[PDB]
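Chemist: So that we are looking at the same thing, I have put the structure below in structure tokens.
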Amino acid sequence: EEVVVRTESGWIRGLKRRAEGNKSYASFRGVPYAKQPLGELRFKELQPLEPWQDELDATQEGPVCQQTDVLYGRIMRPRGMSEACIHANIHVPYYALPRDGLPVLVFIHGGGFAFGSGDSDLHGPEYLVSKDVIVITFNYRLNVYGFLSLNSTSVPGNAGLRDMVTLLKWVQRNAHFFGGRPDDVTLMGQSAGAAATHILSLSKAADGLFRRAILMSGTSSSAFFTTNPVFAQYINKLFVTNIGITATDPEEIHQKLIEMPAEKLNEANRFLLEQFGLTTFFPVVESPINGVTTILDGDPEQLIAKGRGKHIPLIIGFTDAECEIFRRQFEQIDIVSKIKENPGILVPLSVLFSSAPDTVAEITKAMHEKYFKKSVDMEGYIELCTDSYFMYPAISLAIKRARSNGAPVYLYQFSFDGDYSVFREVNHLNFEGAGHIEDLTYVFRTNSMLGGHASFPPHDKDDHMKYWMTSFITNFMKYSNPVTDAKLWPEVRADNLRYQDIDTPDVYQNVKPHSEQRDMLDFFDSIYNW
Ligand SMILES: *[C@@](=O)([C]S[C][C][C][C][C][C][C][C])C(F)(F)F
């Protein structure tokens, strides 16, 4: 019932739990991977862990990083919220735990960089850990805590991404203790999580922390956000303003923030949440700064152009109807109204802050005319968001990568319309196809919503998909290929783009993109190099 293991900084006691079927795994949750960013540490890079004595309780996840969840609703059930959220959770096939190795999976959770967690409410390791692999999830600093940017020495920006690097390093040292191979770590993420993963993959400061990666609906340059420096300044100076600060010196603004109570910050960020919908702060291209681990030293797009991350083989995913999943919140913020008021919302934040005055204008035009003929309306935006924020970015990445003489790349389109869909349930949705985050649910067990359901062996259609999806994930992390028959799901070829169409459990098929998809590509290409 109580399992014990040693880690570099001390002993920890996890729990022996059940995976699908009879399978069992040791599970250590809430383990600290660094000093908690609590005082003068709130926004600064994570400090090393003072060692501890006795056995650290790694029975369950710890609290969740300060945030305001404008999306998950009851799907996520945090055991509390605190700035002392920097913990990871490690799950391992019981038989594999050393007592004097396995491939490991590090997962970065989505939530627009502003909310979410690495908890098992949404991230159940049950399916995965049933495939002979170690699963590692964790929390990183969110919204203002992890992405504030003062282009200063104390807050150069990207603290959130640094937390990931800190944890990937912690994994390198501690992998063996769990019976895992640090030489075979696979990084995965979805949404902001996937975008962060892609970004790390371009960071020379993350070299050697993982052998390959999985991008589930997210990329370093996906349009749903921006790494633009001007924008950072804007939103930041807009926060400090709204928050009552008046100081101007980078450091002084900092101190005031350091001494500000959590709640005052949470309210001030929830202010921006109202203004932008589902995100607030973001990663930024940073300037070199004194004694600073530069996570991002350039525009992702230009970095990629020079093959800056082409040696990390990866799986690039995206769903059928990505943004159908957001309808409920699109209404709450009333995007239709917002669009009428800000016709630039249709334009990638990255272009608005980069392109030239007349340029923007014309694009702003083009975009509007493109999805809104008779009237600015919901479905029109949902189309926009899906293509622009997910589908386009994914395919454009598959293509660009396949023609840079780099590592392999596998592209997929999740279109499976499950019998049971947690997110449509919680939000009362109704649409065809697969919306954003759903493929993630056939790889992780949504423990906060399932019951005592048994998924493996599969019997219903849905569990069969669970089996198939989690198999692509473990094969990749085992053989750097999502399939055991190289021809069932071929690497991406530039001369012939095709994606594995995930739709029916146990049926392979790489197909070309539909007409619209091709049209969307061209359209979006012309727009991006206008
Ligand atoms: C995921 O991390 C994707 S983040 C997408 C945020 C922008 C969506 C459009 C907002 C328009 C107002 C997750 F879904 F957040 F988890």
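If you're wondering about the labels, chains in the structure tokens are A, B, ... by order shown, residues count from 1 in each chain, ligands from 1 in order shown.
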Please build the interface table for chain A against ligand 1 with a cut-off of 6 Å, listing for each qualifying residue the nearest atom pair and the distance in Å to one decimal; count only C-alpha atoms and all ligand atoms, order rows by chain and increasing number, and write it as a Markdown table.

Modeler:
```
| residue | atom | partner | partner_atom_place_in_ligand_line | distance |
| --- | --- | --- | --- | --- |
| A:110 | CA | ligand 1 | 2 (O) | 3.5 |
| A:111 | CA | ligand 1 | 15 (F) | 3.5 |
| A:112 | CA | ligand 1 | 4 (S) | 3.6 |
| A:191 | CA | ligand 1 | 2 (O) | 3.2 |
| A:192 | CA | ligand 1 | 2 (O) | 3.7 |
| A:193 | CA | ligand 1 | 2 (O) | 5.7 |
| A:224 | CA | ligand 1 | 7 (C) | 4.8 |
| A:276 | CA | ligand 1 | 12 (C) | 6.0 |
| A:277 | CA | ligand 1 | 12 (C) | 4.4 |
| A:278 | CA | ligand 1 | 10 (C) | 5.1 |
| A:279 | CA | ligand 1 | 6 (C) | 5.9 |
```

Chemist: Limited to C-alpha atoms, could you put the picked residues into a file as a PDB file, in the first residue's frame?

Modeler:
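After the write, result-v2.pdb holds the following:
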```
ATOM      1  CA  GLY A 110      -2.137  22.943 -21.300  1.00  0.00           C
ATOM      2  CA  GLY A 111      -4.294  25.768 -20.005  1.00  0.00           C
ATOM      3  CA  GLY A 112      -3.231  28.712 -22.167  1.00  0.00           C
ATOM      4  CA  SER A 191      -2.153  23.287 -26.166  1.00  0.00           C
ATOM      5  CA  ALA A 192       0.020  25.819 -24.322  1.00  0.00           C
ATOM      6  CA  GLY A 193       1.682  22.644 -23.016  1.00  0.00           C
ATOM      7  CA  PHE A 224      -3.377  31.492 -30.254  1.00  0.00           C
ATOM      8  CA  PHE A 276      -8.292  38.522 -23.574  1.00  0.00           C
ATOM      9  CA  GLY A 277     -10.633  35.602 -22.950  1.00  0.00           C
ATOM     10  CA  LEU A 278      -8.523  32.487 -22.308  1.00  0.00           C
ATOM     11  CA  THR A 279      -4.978  33.758 -21.833  1.00  0.00           C
TER      12      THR A 279
END
```

Chemist: So which bits of range 169-286 of chain A end up strand (DSSP E) when you DSSP the backbone, as a PyMOL selection string?

Modeler: chain A and resi 180-190+212-216

Chemist: With C-alpha atoms retained, could you export that selection as a CSV table (one decimal), in the first residue's frame?

Modeler:
```csv
chain,number,residue,atom,x,y,z
A,180,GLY,CA,13.8,4.9,-15.7
A,181,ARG,CA,16.2,5.7,-18.5
A,182,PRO,CA,17.2,9.4,-18.5
A,183,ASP,CA,18.7,8.7,-21.9
A,184,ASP,CA,15.2,7.9,-23.2
A,185,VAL,CA,12.9,10.7,-22.1
A,186,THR,CA,10.0,11.8,-24.3
A,187,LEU,CA,8.5,15.3,-23.8
A,188,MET,CA,4.8,15.8,-24.6
A,189,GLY,CA,2.3,18.6,-24.2
A,190,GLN,CA,-1.0,19.7,-25.4
A,212,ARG,CA,12.0,13.3,-28.9
A,213,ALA,CA,8.7,15.1,-28.4
A,214,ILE,CA,4.9,15.0,-28.9
A,215,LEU,CA,2.9,18.1,-29.9
A,216,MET,CA,-0.7,17.6,-29.2
```

Chemist: With distances taken over only C-alpha atoms, which residue among A:306, A:370, A:162, A:338 lies nearest residue 520 in chain A?

Modeler: A:370

Chemist: Which residues of range 105-200 of chain A have any atom within 8 Å of an atom in range 28-34 of chain A when counting only C-alpha atoms, and what is the closest pair of atoms for each, with the distance in Å to one decimal? Order the rows by chain and rising number and write it as a Markdown table.

Modeler:
```
| residue | atom | partner | partner_atom | distance |
| --- | --- | --- | --- | --- |
| A:166 | CA | A:34 | CA | 7.5 |
| A:167 | CA | A:33 | CA | 6.1 |
| A:170 | CA | A:33 | CA | 6.3 |
```

Chemist: Please list as a count of residues only every residue within 10 Å of residue 281 in chain A, counting only C-alpha atoms and excluding residues in the same chain fewer than 6 positions away.

Modeler: 24

Chemist: Do you have, as a tab-separated table, the list of residues of range 10-42 of chain A lying at most 12 Å from range 119-127 of chain A, each with its nearest atom pair and that distance in Å to one decimal, counting only C-alpha atoms and ordered by chain then number?

Modeler:
```
residue	atom	partner	partner_atom	distance
A:17	CA	A:126	CA	9.0
A:18	CA	A:126	CA	7.2
A:19	CA	A:126	CA	4.3
A:20	CA	A:126	CA	5.8
A:21	CA	A:126	CA	9.4
A:22	CA	A:126	CA	11.1
A:23	CA	A:126	CA	9.0
A:24	CA	A:126	CA	9.0
A:25	CA	A:126	CA	8.6
A:26	CA	A:125	CA	10.9
A:27	CA	A:125	CA	9.2
A:28	CA	A:125	CA	11.7
A:29	CA	A:119	CA	8.7
A:30	CA	A:119	CA	9.3
```

Chemist: For residue 12 in chain A, list every protein, DNA or RNA residue within 7 Å, evaluated using only C-alpha atoms, and leave out those in the same chain fewer than 6 positions away; present the list as number ranges by chain.

Modeler: A: 4-6, 55-58

Chemist: Go ahead and write the selection's residues with N, CA and C atoms as a short mmCIF file (atom, residue, chain, number, x, y, z; two decimals), in the first residue's frame.

Modeler:
```cif
data_model
loop_
_atom_site.label_atom_id
_atom_site.label_comp_id
_atom_site.auth_asym_id
_atom_site.auth_seq_id
_atom_site.Cartn_x
_atom_site.Cartn_y
_atom_site.Cartn_z
N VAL A 4 8.18 2.94 -0.89
CA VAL A 4 9.22 3.90 -0.57
C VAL A 4 10.40 3.82 -1.52
N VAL A 5 10.92 4.98 -1.87
CA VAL A 5 12.05 5.07 -2.78
C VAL A 5 12.91 6.26 -2.42
N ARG A 6 14.14 6.25 -2.92
CA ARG A 6 15.06 7.33 -2.66
C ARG A 6 15.17 8.21 -3.90
N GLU A 55 10.95 10.28 5.50
CA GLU A 55 10.27 10.06 4.24
C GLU A 55 9.22 11.10 3.87
N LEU A 56 9.50 11.83 2.80
CA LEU A 56 8.59 12.85 2.28
C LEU A 56 7.29 12.19 1.79
N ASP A 57 6.16 12.74 2.21
CA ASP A 57 4.87 12.21 1.80
C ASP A 57 4.61 12.53 0.34
N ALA A 58 4.71 11.52 -0.51
CA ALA A 58 4.47 11.70 -1.93
C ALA A 58 3.24 10.85 -2.23
#
```

Chemist: Using Å and a single decimal, report how far CA of residue 84 in chain A sits from CA of residue 45 in chain A.

Modeler: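 Result for CA of residue 45 in chain A versus CA of residue 84 in chain A: 13.8 Å, one decimal.
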
Chemist: Quick one: residues within 12 Å of range 479-485 of chain A, only C-alpha atoms counted, chain neighbours fewer than 2 positions away excluded, as a count of residues only?

Modeler: 38

Chemist: With DSSP run on the backbone, what are the alpha helix (DSSP H) residues within range 257-288 of chain A? I'd like them as a PyMOL selection string.

Modeler: chain A and resi 257-258+262-276

Chemist: Quick one: pull the distance between CA of residue 62 in chain A and CA of residue 8 in chain A, Å, one decimal.

Modeler: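 So the answer is 19.5 Å.
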